[PDB]
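A.B. asks: Dropping the structure in here first, questions after.
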Amino acid sequence: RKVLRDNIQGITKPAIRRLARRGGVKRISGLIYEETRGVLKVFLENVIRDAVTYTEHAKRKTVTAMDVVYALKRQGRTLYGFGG
Amino acid sequence: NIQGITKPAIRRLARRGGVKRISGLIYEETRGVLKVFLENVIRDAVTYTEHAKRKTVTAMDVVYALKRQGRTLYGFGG
Amino acid sequence: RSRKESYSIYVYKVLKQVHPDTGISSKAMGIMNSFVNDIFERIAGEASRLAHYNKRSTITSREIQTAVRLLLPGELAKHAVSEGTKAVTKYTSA
Amino acid sequence: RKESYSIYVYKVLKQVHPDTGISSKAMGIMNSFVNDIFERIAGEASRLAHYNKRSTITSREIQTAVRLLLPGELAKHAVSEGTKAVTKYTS
Amino acid sequence: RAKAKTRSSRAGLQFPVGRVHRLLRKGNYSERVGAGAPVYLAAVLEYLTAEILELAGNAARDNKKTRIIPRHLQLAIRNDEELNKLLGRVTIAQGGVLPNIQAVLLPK
Amino acid sequence: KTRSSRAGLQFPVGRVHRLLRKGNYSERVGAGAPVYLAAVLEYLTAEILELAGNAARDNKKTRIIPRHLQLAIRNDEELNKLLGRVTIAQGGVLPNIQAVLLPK
Amino acid sequence: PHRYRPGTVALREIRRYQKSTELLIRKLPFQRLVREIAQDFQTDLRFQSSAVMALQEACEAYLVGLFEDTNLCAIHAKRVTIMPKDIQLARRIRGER
Amino acid sequence: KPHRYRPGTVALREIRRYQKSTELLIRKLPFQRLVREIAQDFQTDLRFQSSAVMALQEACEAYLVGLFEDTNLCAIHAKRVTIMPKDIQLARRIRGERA
DNA sequence: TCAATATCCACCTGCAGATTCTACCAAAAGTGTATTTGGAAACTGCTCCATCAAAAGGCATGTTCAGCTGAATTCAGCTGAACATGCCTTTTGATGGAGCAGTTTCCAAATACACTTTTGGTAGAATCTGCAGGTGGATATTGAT
DNA sequence: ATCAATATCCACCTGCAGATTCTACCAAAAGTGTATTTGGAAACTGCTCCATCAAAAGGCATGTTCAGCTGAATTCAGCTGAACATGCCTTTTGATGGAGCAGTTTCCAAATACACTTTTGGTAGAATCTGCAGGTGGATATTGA
Ligand SMILES: [Cl-]
Ligand SMILES: [Cl-]
Ligand SMILES: [Cl-]
Ligand SMILES: [Cl-]
Ligand SMILES: [Mn+2]
Ligand SMILES: [Mn+2]
Ligand SMILES: [Mn+2]
Ligand SMILES: [Mn+2]
Ligand SMILES: [Mn+2]
Ligand SMILES: [Mn+2]
Ligand SMILES: [Mn+2]
Ligand SMILES: [Mn+2]
Ligand SMILES: [Mn+2]
Ligand SMILES: [Mn+2]
Ligand SMILES: [Mn+2]
Ligand SMILES: [Mn+2]
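Chains as they are written, first to last, in the entry's author numbering: chain F, 19 to 102; chain B, 25 to 102; chain D, 31 to 124; chain H, 33 to 123; chain C, 11 to 118; chain G, 15 to 118; chain A, 38 to 134; chain E, 37 to 135.
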């Protein structure tokens with residue numbers, strides 16, 4: 019299996035623009051895209067860290083949707099729809 | 025009574041908050057926020073009072089109300 | 031293998047009561063189940079806390095009721111308290 | 033009567049600062065602190081055990097809880113301190 | 011033995027009173043659980059799901075669909091002040107957002 | 015011959031155990047759980063006291079008061095994060111004035 | 038005579054108050070305000086003195102915090118004067134509005 | 037002409053469209069890779085249930101979308117219409133996130 | 001730069017309210033003694049998580065090109081800051097009670113246990129039907145004149 | 001105001017996924033009878049929480065002046081929005097291993113359970129002492145000149 023690098027750039031300019039649109043943003047500065055990637059990175063890392071912590075506590079090698087749900091819930095970011 | 029919370033007192037609060045210049049409309053605005061805050065906390069507290077079938081609001085009632093409103097206070101029993 | 035419990039069945043009955051003509055996609059039922067589980071935990075949690083703050087070892091409908099008043103906003107609380115009280119007095123009336 | 037962590041906080045105070053004292057108001061702050069952290073850790077351990085369908089909270093649950101609640105460095109040392117107390121106790 | 015009557019029917023409810031009672035005992039909420047607690051809890055739960063299904067169903071109708079989907083649940087929640095507050099820190103997968111454009115952004 | 019002394023702690027192990035049992039957290043509690051939990055509670059306590067002690071010493075005072083606990087916490091990245099949604103009564107705020115507000 | 042320029046005394050107070058910890062709202066007026074609001078939830082209530090103090094502490098720490106976010110919002114709009122739109126913006130982002 | 041919409045027209049057209057729909061706006065495979073990369077840096081040999089990756093995406097997109105609304109409010113507050121990094125920072129600061 | 005106003009910064013000073021400190025008792029906390037039982041091993045059954053193949057076409061990447069937006073610059077009308085000036089509450093104490101949180105102790109009512117019976121609810125299957133995805137024209141909206 | 005370009009609606013279709021409904025079984029929820037509290041009685045008892053004055057200072061409420069801050073208006077150098085050409089790589093669809101999650105079944109090492117048996121943490125009055133709050137006195141910092 020190949021090495022994983024620079025995947026944060028997979029979060030393209032077009033995709034960030036779409037998200038801002040849904041968020042009601044009309045005009046976007048050129049520097050928004052890198053800040054966004056940075057912000058998303060931190061968000062993901064924190065949720066993945068807690069999620070993976072639940073996985074390991076359960077002696078599993080597979081991250082389950084529940085792991086993510088509990089990770090989100092404890093970060094005050096409760097998610098409906100994968101609870102089962 | 026809300027008027028009891030005076031301009032000069034609101035000024036002091038703002039000062040501890042690092043505010044240098046204050047628009048004249050801030051005073052009434054601040055009072056409204058202050059009132060909403062107290063109403064929310066006190067309501068929850070008195071609900072803990074009434075549940076404990078008491079007639080006296082205790083610091084713990086307040087501490088518990090604060091905790092559930094996401095405003096955890098240290099120094100009064102928890 | 032093994033069975034997984036859920037409120038789907040009940041959510042579905044209530045749905046038919048308010049919207050006879052209407053159905054619901056499984057994704058939407060999935061969200062309804064999360065909602066029921068969430069509020070259940072929020073209420074039991076606050077109830078458990080209430081009982082513990084008052085050195086009481088049992089959670090009675092009285093705890094569930096104060097929890098509801100502390101949890102739900104305005105009208106929602108009032109109506110829920112009404113249905114809650116109604117079910118209990120009806121339940122106890124044999 | 034009413035029990036607090038006061039006596040213990042004070043003992044710990046003397047170890048880090050023999051020469052230093054502490055006002056009662058501040059002692060109140062420390063009690064609130066100990067109580068709060070206790071609830072947080074106990075509460076998370078409670079969930080961890082429930083998620084994993086267990087009826088008992090072991091040092092293993094308290095450890096994961098600490099890991100999920102404390103920021104980076106605080107977690108490490110807390111974890112160090114904890115396993116250190118448990119090993120010494122087991123002997 | 012005697013005519014088996016579910017606590018739900020005895021309570022006049024659709025939601026499962028027995029199930030809810032069990033969940034309470036096995037949730038480590040308290041040492042003991044009163045008989046009226048699960049009855050009152052099942053009723054509150056049933057009332058709340060009735061309230062959001064009522065509104066979701068209307069949202070569905072407005073979009074000329076007969077089947078409620080997540081988006082309809084979002085509209086019902088976000089458009090009702092109280093439910094919105096109650097679920098103010100919850101995210102509904104596949105629900106999107108409410109159409110809302112700040113005025114200053116519209117063509118002068 | 016207490017468990018705290020056996021664990022080599024100054025924090026009430028027996029009490030942390032009793033509190034865990036009576037808090038409705040789980041049906042049963044391991045023997046090491048209160049030991050661990052108590053060690054953790056002690057360590058954070060020493061950490062705060064250490065910094066608030068330094069705060070007092072820097073104020074040329076020998077008795078730690080709330081203000082000192084506030085300066086120790088807010089000036090510490092991690093403790094600040096941990097107690098981010100907590101307020102220390104009578105602790106005030108960190109001196110801090112936005113640059114733009116400075117004169118001339 | 039001798040006058041300090043606008044803002045000079047303002048900065049002076051910021052320094053004084055950011056350095057002290059006393060409650061900045063007159064005690065009596067506050068207690069008066071608390072009982073009035075409480076009276077609407079249940080009549081003839083008694084209040085533990087420590088309960089009133091907890092409220093004033095929480096309340097003042099809350100306003101001070103809110104004033105910091107408000108100041109930041111005003112600085113953002115390139116102003117130095119806080120205004121209702123500033124308190125309003127901050128409460129919205131915080132999820133209070 | 038050739039016909040040409042004025043700047044801003046298509047942007048508003050896009051806002052109405054995306055606020056109307058609920059599908060995910062970030063591409064799937066790329067997002068999956070980001071998750072596996074981040075996970076891998078925390079712990080090796082990890083595998084994921086497909087719904088776990090979808091739960092993460094749903095969460096991140098709700099989060100960014102909500103952050104852009106606050107960001108948009110901060111820009112408007114500054115008498116602007118273009119969101120800038122400084123706006124996103126003001127929002128996360130007031131939100132109590134990184135502060 | 002100079003002269004002076006009002007602001008800090010200091011090393012001392014000394015009660016005084018708030019701290020260490022004293023000297024006894026119950027409600028834990030630590031001990032032996034069974035009594036239980038939760039939940040690591042040990043296996044397997046059998047989901048469902050990686051990987052791969054192959055084929056498009058949706059959608060990302062780069063460029064042009066110039067509309068109009070973010071940012072300087074100005075400028076002056078007011079809004080708030082700084083300041084005496086009085087004067088009205090907030091503050092600070094000591095009652096003096098009266099309201100009331102806390103026990104005591106008591107049992108009738110309300111759970112928790114135990115041990116079978118009696119079905120409502122959960123897989124899968126079989127059966128049923130909204131509506132996603134396409135199309136082709138009615139409006140509808142924009143932007144050049 | 002007028003076109004014409006281009007972007008929406010708005011029904012009208014119909015087979016699929018996906019819902020619904022149909023069946024077969026247990027895992028639970030229901031009965032019953034038997035111990036076990038739970039915690040809501042009514043009677044009292046020391047806090048401690050108001051209501052009462054007092055008397056002051058403080059600290060707040062009022063104008064006065066005018067410094068300098070916030071908009072309003074104007075200008076314009078690009079930045080960032082459309083539109084278009086290219087063709088990359090995410091999507092879609094199966095087809096397979098097996099990696100590894102769940103089930104079922106053992107039992108011990110590790111918790112409850114329980115009466116005792118000390119012990120420690122609390123509480124109510126002894127002896128102090130860390131600083132708050134004041135003080136002349138000495139540079140500062142801020143301003144008008
Ligand atoms: Cl009950
Ligand atoms: Cl353990
Ligand atoms: Cl305003
Ligand atoms: Cl910026
Ligand atoms: Mn209806
Ligand atoms: Mn077993
Ligand atoms: Mn140009
Ligand atoms: Mn502009
Ligand atoms: Mn002027
Ligand atoms: Mn009485
Ligand atoms: Mn049946
Ligand atoms: Mn369609
Ligand atoms: Mn290309
Ligand atoms: Mn295998
Ligand atoms: Mn002792
Ligand atoms: Mn001093």
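Cβ atoms here follow ideal geometry from the backbone N, Cα and C, with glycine treated the same way.
With the cut-off set at 7 Å, would you say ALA110(H) and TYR50(G) are in Cβ contact?
C.D. replies: Cβ atoms of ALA110(H) and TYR50(G): not closer than 7 Å.
A.B. asks: For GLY102(B), go through chain H and note every residue whose CB falls closer than 8 Å to its CB, in chain order.
C.D. replies: Residues of chain H passing the Cβ test: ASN63, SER64, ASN67, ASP68.
A.B. asks: Taking 6 Å as the line, does the beta carbon of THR16(C) fall inside it for any heavy atom of ligand 1?
C.D. replies: No, the Cβ of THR16(C) stays beyond 6 Å of every heavy atom of ligand 1.
A.B. asks: Would you check if the distance between the CB atom of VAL44(H) and the CB atom of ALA60(G) is smaller than 7 Å?
C.D. replies: Yes, Cβ-Cβ distance for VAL44(H) and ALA60(G) is below 7 Å.
A.B. asks: For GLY44(C), which residues of its own chain have a beta-carbon under 6 Å away from its beta-carbon, when the five flanking residues on both sides are left out?
C.D. replies: Cβ within range, chain order: n/a, list empty.
A.B. asks: Closest to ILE94(D) by CA distance: which of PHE70(D), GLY104(D), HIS49(D) is it?
C.D. replies: Taking only the C-alpha atoms, the option nearest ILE94(D) is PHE70(D).
A.B. asks: Counting only beta-carbon separations shorter than 7 Å, does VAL100(C) have a partner in chain E?
C.D. replies: Closer than 7 Å: no.
A.B. asks: On the DSSP bridge list, what partners appear for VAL100(G)?
C.D. replies: In the DSSP output, where bridge partners are listed per residue, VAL100(G) has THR96(B).
A.B. asks: Do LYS122(E) and ligand 4 come close, with the Cβ less than 6 Å from some heavy atom?
C.D. replies: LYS122(E): yes, Cβ under 6 Å from ligand 4.
A.B. asks: Cβ-heavy atom distance between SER87(H) and ligand 2 below 6 Å?
C.D. replies: Not so, every heavy atom of ligand 2 lies at least 6 Å from the Cβ.
A.B. asks: Identify which residue in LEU80(D), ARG31(D), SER32(D) has its Cα closest to the Cα of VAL98(D).
C.D. replies: Taking only the C-alpha atoms, the option nearest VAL98(D) is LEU80(D).
A.B. asks: Taking any heavy atom of ligand 2 as the mark, which residues have a C-beta closer than 6 Å to it, listed down the chain?
C.D. replies: Here the list is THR90(H), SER91(H), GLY44(G), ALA45(G), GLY46(G), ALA47(G).
A.B. asks: Is the number of C-beta pairs between the segment 81-100 of chain F and the segment 63-71 of chain F that are closer than 8 Å three or more?
C.D. replies: Short answer: they touch.
A.B. asks: Just to make sure I have the definition right: I need the residues of chain E whose C-beta is within less than 7 Å of the C-beta of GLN24(C). Which are they?
C.D. replies: Within chain E, no residue comes near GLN24(C); the closest Cβ sits about 29 Å away, beyond 7 Å.
A.B. asks: May I have the straight-line CA-CA distance separating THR90(D) from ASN63(D), to the nearest angstrom?
C.D. replies: So the two alpha carbons sit approximately 25 Å from each other.
A.B. asks: Alpha carbon to alpha carbon, how far is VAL89(A) from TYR37(D)? Give it in angstroms, no decimals.
C.D. replies: One C-alpha to the other measures close to 44 Å.
A.B. asks: For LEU65(G), I'd like the list of residues in its chain whose CB is within less than 7 Å of its CB, leaving aside the five on either flank, ordered along the chain.
C.D. replies: Contacts found: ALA86, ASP90.
A.B. asks: With 7 Å set as the bound, which would you pick, yes or no: does the beta-carbon of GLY48(B) sit closer than that to a beta-carbon of chain H?
C.D. replies: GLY48(B) does not count as touching chain H.
A.B. asks: Secondary structure at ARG40(F), three-state DSSP: helix, strand or coil?
C.D. replies: Looking at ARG40(F) - three-state DSSP - the assignment turns out to be helix.
A.B. asks: Does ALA95(E) have its Cβ less than 7 Å from a Cβ in chain A?
C.D. replies: Taking Cβ atoms only, chain A never reaches closer than 7 Å to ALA95(E), which makes this a no.
A.B. asks: Could you tell me the alpha carbon to alpha carbon distance between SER56(D) and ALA33(B), rounded to whole angstroms?
C.D. replies: In a straight line, the C-alpha of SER56(D) is about 56 Å away from that of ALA33(B).
A.B. asks: List the residues of chain E whose Cβ lies closer than 9 Å to the Cβ of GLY94(F), in chain order.
C.D. replies: Neighbours of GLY94(F) on chain E: none; closest Cβ ~10 Å, over 9 Å.
A.B. asks: Can you tell me whether DSSP reads residue 138(A) as helix, strand or coil?
C.D. replies: In this structure chain A extends from 38 to 134, so residue 138(A) is not present and cannot be described.
A.B. asks: Please list, in chain order, all residues of the same chain as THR88(D) whose beta carbon is under 8 Å from its beta carbon, the five residues on each side excluded.
C.D. replies: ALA81, listed in sequence order.
A.B. asks: Would you kindly work out how many angstroms separate the C-alpha atoms of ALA91(A) and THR96(B), rounded to a whole number?
C.D. replies: Those two C-alpha atoms are separated by around 11 Å.
A.B. asks: Mind checking which residues open and close the alpha helix (DSSP H) that includes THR59(C)?
C.D. replies: From DSSP, the alpha helix (DSSP H) with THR59(C) extends over 46-72.
A.B. asks: Helix, strand or coil for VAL70(B) per DSSP?
C.D. replies: If DSSP states are grouped into helix, strand and coil, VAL70(B) belongs with the helices.
A.B. asks: Would you list, in chain order, the members of the segment 95-115 of chain D that have their beta-carbon closer than 7 Å to a beta-carbon of chain C?
C.D. replies: Cβ contacts with chain C: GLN95, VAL98, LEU102, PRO103, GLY104, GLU105, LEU106, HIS109, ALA110, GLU113, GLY114.
A.B. asks: For a quick check, are the C-beta atoms of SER86(A) and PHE100(B) less than 7 Å apart?
C.D. replies: For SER86(A) and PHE100(B), no; Cβs fall outside 7 Å.
A.B. asks: Quick one: does the C-beta of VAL48(D) sit closer than 6 Å to a heavy atom of ligand 5?
C.D. replies: Checking every heavy atom of ligand 5 against the Cβ of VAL48(D), one is found closer than 6 Å.
A.B. asks: Under 9 Å, CB to CB, which of the residues in the segment 80-104 of chain E have a partner in chain C?
C.D. replies: Correct list: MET90, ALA91, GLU94, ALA95, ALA98, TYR99, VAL101, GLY102.
A.B. asks: Cβ atoms of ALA95(E) and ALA114(A): under 7 Å apart, would you say?
C.D. replies: Not closer than 7 Å, so no.
A.B. asks: Give the interface partners of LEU115(C) over in chain E, defined as CB-CB distance under 9 Å, in chain order.
C.D. replies: Going along chain E in sequence order, the residues near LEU115(C) (Cβ under 9 Å) are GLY44, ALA47, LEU48, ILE51, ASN108, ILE112, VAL117.
A.B. asks: Can you tell me which of the three DSSP states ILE62(A) falls into?
C.D. replies: Of the three classes helix, strand and coil, the one that applies to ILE62(A) here is coil, per DSSP.
A.B. asks: Are the Cβ atoms of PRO66(E) and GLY41(F) separated by less than 7 Å?
C.D. replies: No, the pair does not count as a contact, with Cβ atoms beyond the cut-off.
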